[PDB]
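What follows is one chain in structure tokens, specifically the form deposited in one PDB entry.
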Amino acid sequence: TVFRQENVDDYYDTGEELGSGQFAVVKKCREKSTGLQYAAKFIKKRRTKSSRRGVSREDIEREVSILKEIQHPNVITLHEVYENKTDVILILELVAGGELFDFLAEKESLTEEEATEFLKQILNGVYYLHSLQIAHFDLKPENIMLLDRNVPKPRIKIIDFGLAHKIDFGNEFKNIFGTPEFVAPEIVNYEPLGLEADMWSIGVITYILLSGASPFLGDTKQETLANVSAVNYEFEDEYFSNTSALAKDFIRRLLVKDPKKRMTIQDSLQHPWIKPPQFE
């Protein structure tokens, strides 16, 4: 599949840089014909078939195909796609209130009510994705953006669909590996992956929201990965002594090694607490 090959600068003016991933740069932009503002994500293409730099065309096309499918309040959406010799340029919905990662660093830790207010929205977005058989595979606070960080109950959108895959057989078996602190044991062990890996990541995010601390983090990436595979985490009294047992129960039912025994997204919404790259 091919994308619009006119120069993106003929249609948009770019501004502030917002983020800078590995093979991607994100800049705020403005469409000339409407005045509306977006985030332009420039993804570097591979320069040869055998090249390690850049993103393969297969991987770019998959990300674009997934983004085109989605429309939900808690997920980023896609406005347009351009390309040239060096980059594919995704014109995405602008989410201007920064990352959940940076919001958390300012608060130290959240109350249970603040945590559930964020978590309910994350769960709603993942329920939508999993309903479409989309596994995100890279859920972490850096990939949760706030629409406006200066309101009592900030609204969020899930971003960064660069690892997302459609799971048409209940599992997939490709080269997929996200950030060590957040990956499930089946990722660490190179086993077939499905929608359950995202539920593990949600358990990690919940632990962090409540404590300010990362449950499996070691001093090196390999140590983190070993901790994940062994389910080597515990609720430290210093952080959790006054956290409700139901919050701990929710986390416990997500941080389960066997993916078949982990809570599904539907389970998580009925849980009583809720119910109303890898190498150094």
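From 1 onward, residues are counted along the sequence shown. Heads up, when I say rigid core I mean the largest set of C-alphas that superpose within 1.5 Å between the two forms.
The same protein also has a form deposited in another entry, omitted here; what follows describes it.
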- With the two forms aligned on the rigid core, which of the residues 77, 131, 189, 111 moves its CA by 2 Å or more between this form and the one not shown? 111
- Query: Taking the rigid core as reference, does the Cα of residue 252 move 2 Å or more between this form and the one not shown?
  - Reply: no
- Message: Is residue 31 displaced by at least 2 Å at its C-alpha between this form and the one not shown when the rigid core is overlaid?
- Response: no
- Message: Aligning on the core only, does the CA of residue 223 end up 2 angstroms or more away between this form and the one not shown?
- Response: yes
- With a shift of at least 3 angstroms, figure out whether the C-alpha spacing between residue 204 and residue 171 grows or shrinks in that other deposited form: closer or farther? farther
- Once you compare with this form, do the C-alpha atoms of residue 108 and residue 203 lie closer or farther in that other deposited form, given a change of 3 Å or more? farther
